[PDB]
Each structure stands twice: as C-alpha cells, then as structure tokens.
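Data block below; observations after.
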Amino acid sequence: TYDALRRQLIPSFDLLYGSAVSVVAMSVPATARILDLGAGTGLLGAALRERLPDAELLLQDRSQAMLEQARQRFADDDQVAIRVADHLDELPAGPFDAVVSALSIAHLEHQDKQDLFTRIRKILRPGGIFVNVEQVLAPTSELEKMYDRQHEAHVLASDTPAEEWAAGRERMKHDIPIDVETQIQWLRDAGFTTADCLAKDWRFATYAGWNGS
Ligand SMILES: Nc1ncnc2c1ncn2[C@@H]1O[C@H](CSCC[C@H](N)C(=O)O)[C@@H](O)[C@H]1O
Numbered sequence: 016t017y018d019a020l021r022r023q024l025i026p027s028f029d030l031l032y033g034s035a036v037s038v039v040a041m042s043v044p045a046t047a048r049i050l051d052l053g054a055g056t057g058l059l060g061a062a063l064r065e066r067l068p069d070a071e072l073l074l075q076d077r078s079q080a081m082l083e084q085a086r087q088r089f090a091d092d093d094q095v096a097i098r099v100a101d102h103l104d105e106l107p108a109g110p111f112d113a114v115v116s117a118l119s120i121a122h123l124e125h126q127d128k129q130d131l132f133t134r135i136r137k138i139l140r141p142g143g144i145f146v147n148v149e150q151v152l153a154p155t156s157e158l159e160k161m162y163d164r165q166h167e168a169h170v171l172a173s174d175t176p177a178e179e180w181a182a183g184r185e186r187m188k189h190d191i192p193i194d195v196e197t198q199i200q201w202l203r204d205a206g207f208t209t210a211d212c213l214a215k216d217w218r219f220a221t222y223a224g225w226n227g228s
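16 is the number of the first residue of the sequence shown in UniProt numbering; add one for each residue after it.
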C-alpha cells in the first residue's frame with residue numbers, strides 16, 4: 016500500500032503524525048473546523064478523522080492527481096471538502112480552529128513560507144493552532160550529512176525498495192528546507208504568541224504555533 020511506503024520513507028512516522036493529531040486534539044474542540052494545506056492523499060487528514068470524528072476537514076492541494084487519492088480515501092465522509100489551490104493563492108476564508116500541513120511547505124521559497132505563516136494566522140480563530148510535520152535542514156552542512164545518514168539508516172532498516180528510495184531522494188532535490196528553530200521563530204514573527212517543537216527525529220519534526228495561547 017501507499018501508506019506502508021510513507022512509513023518506510025519517513026523516520027518516526029507514527030511519532031510525528033501522531034504528535035500532530037495529539038496537539039490538535041488538546042488545542043481544539045471535537046467540532047473543530049480544520050484546513051489541511053498540501054493534503055496530498057490526505058494521510059494526516061485521515062489520522063485527524065480517526066481522533067476527531069465530528070471535525071469538519073477542508074483538504075487543499077495544487078495537484079488534482081494527489082487529491083484524486085484523497086477523494087477515494089474519504090469516499091463516504093460527508094464532513095470532508097476538497098479544494099484545488101496553491102499555498103500562494105488566497106487561503107479559504109476563516110475562521111479555522113486548526114490549520115495543519117505535512118511535508119508540503121518546504122517546497123516554497125523562504126519569503127513565501129514567512130508570508131504563508133502570516134496569512135495562516137489571519138484565518139485562525141483566537142487560540143487557534145497551526146501544526147506542521149516538516150522535512151527540516153540541519154543548522155550546519157556537517158550536521159546535515161549526519162541528518163542524511165540517519166534518514167538513510169531508517170530507509171534501509173525499513174527494507175525500502177531501491178527504486179522508491181531513488182524517487183524519494185529525487186523529490187527532496189526540489190525541496191527548500193530550513194532548520195526547525197528558524198521556521199519556529201517565523202511563527203513568532205507572524206504574530207503567534209507561542210511556538211514549540213513537539214517531536215523530532217533528525218531531518219523530520221512536528222512543530223506548532225498558537226494564535227493567542
Ligand atoms: N505550492 C503548493 N501549493 C499546494 N500544494 C502544494 C504546493 N507545493 C507542493 N504541494 C503539494 O504538497 C504535497 C507534498 S507530499 C505530502 C502529502 C501529504 N500531506 C502527506 O503527508 O502524505 C503534494 O501533494 C504536492 O502536490
């Protein structure tokens with residue numbers, strides 16, 4: 016399955032996606048309105064639905080091909096809507112209790128990331144939460160080599176098909192990651208009153224900002 020390959024490619028998948036679901040559930044009500052930016056096949060959205068059966072999910076992505084898989088995943092779910100939109104396009108009108116994203120925002124230029132965080136806060140209710148599960152750069156080129164070693168170590172320990180890891184490395188060449196503490200400070204710059212790294216496995220981290228808390 017697609018879901019098994021993602022666990023193979025992503026170190027501490029269960030910790031990082033689990034941490035995103037847990038922090039949302041401890042920050043918003045059961046009936047929360049949640050925006051999922053770069054939802055893809057809707058993997059984080061599925062994890063949220065499992066925890067929050069009464070939550071309204073809006074799944075957003077630039078790729079109709081990716082959303083086709085999200086449509087199938089959520090075939091019979093009447094509290095899930097799907098919007099075709101770029102992160103750089105106007106966000107859907109607030110208010111949202113939570114805006115979430117997994118492995119998407121790293122594709123934007125740094126200035127576009129900072130602008131996006133500001134635009135996200137504007138569509139969040141007071142006390143609202145932004146959560147990102149993100150590929151993060153090491154703070155030095157030497158530590159980046161160690162980050163890469165640990166990613167490789169997980170992929171080989173997971174018995175990952177060679178051709179799928181090759182495709183994975185190729186996709187990462189088109190990412191523009193930065194270190195977690197830099198993008199956490201960008202949340203503070205954007206006007207989020209608290210921001211924190213909840214969980215981290217070297218190259219992959221779950222962080223959140225709160226709009227008043
Ligand atoms: N500028 C942009 N605007 C919207 N979606 C974007 C984007 N750049 C990349 N994406 C989307 O971001 C996704 C990255 S793959 C991650 C998919 C899913 N969130 C998961 O965790 O499994 C892809 O679906 C890609 O189409």
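Even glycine gets a Cβ: it sits at the ideal position worked out from N, Cα and C.
On the three-pair Cβ rule with 8 angstroms, is the stretch 134 to 145 touching the stretch 200 to 219?
Yes, the stretch 134 to 145 is in contact with the stretch 200 to 219.
Run through the stretch 62 to 113 for me and flag every whole alpha helix (DSSP H) of 4 or more residues, listed as ranges in chain order.
Here the runs fully enclosed are 79 to 88.
Take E179 and list the residues in its own chain whose beta-carbon comes closer than 7 angstroms to its own, dropping the five residues that flank it on each side.
Counting only Cβ-Cβ distances below 7 angstroms, and skipping sequence neighbours, we find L20.
Could you tell me which uninterrupted beta strand (DSSP E) segments, each at least 3 residues in length, are contained entirely in the stretch 125 to 192, listed from first to last along the chain?
Those beta strand (DSSP E) runs which fall completely within the stretch 125 to 192 and span 3+ residues are 139 to 150.
Compute every distance between the C-beta of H102 and the non-hydrogen atoms of ligand 1, then say whether any falls below 7 angstroms.
Yes; taking the cut-off as 7 angstroms, the Cβ of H102 has a heavy atom of ligand 1 nearer than that.
Between the beta-carbon of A117 and the beta-carbon of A35, is there less than 8 angstroms?
In this structure, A35 lies closer than 8 angstroms to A117 by Cβ.
Counting beta carbon pairs with one atom in the stretch 101 to 117 and one in the stretch 181 to 194, are three or more of them shorter than 8 angstroms?
At 8 angstroms Cβ cutoff, the stretches do not touch.
Should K128 be labelled buried (16 or more other beta-carbon atoms within 10 Å of its own) or exposed?
Classification of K128: buried, given that the 10 Å Cβ count is 16 or more.
Could you check if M187 belongs to the surroundings of ligand 1, using beta carbon to heavy atom distance under 7 angstroms?
No - ligand 1 has no heavy atom lying nearer than 7 angstroms to the Cβ of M187.
To which residues of the same chain is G53 closer than 6 angstroms at the C-beta, ignoring the five residues directly before and after it?
These residues qualify, in order along the chain: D76, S116 and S119.
Within the same chain, show all residues whose beta-carbon is closer than 6 angstroms to that of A40, passing over the 5 residues directly before and after it, in chain order.
Only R66 meet the Cβ criterion.
Name the residue from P68, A100 and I49 whose alpha carbon lies nearest to the alpha carbon of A80.
It is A100 whose Cα lies nearest to the Cα of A80.
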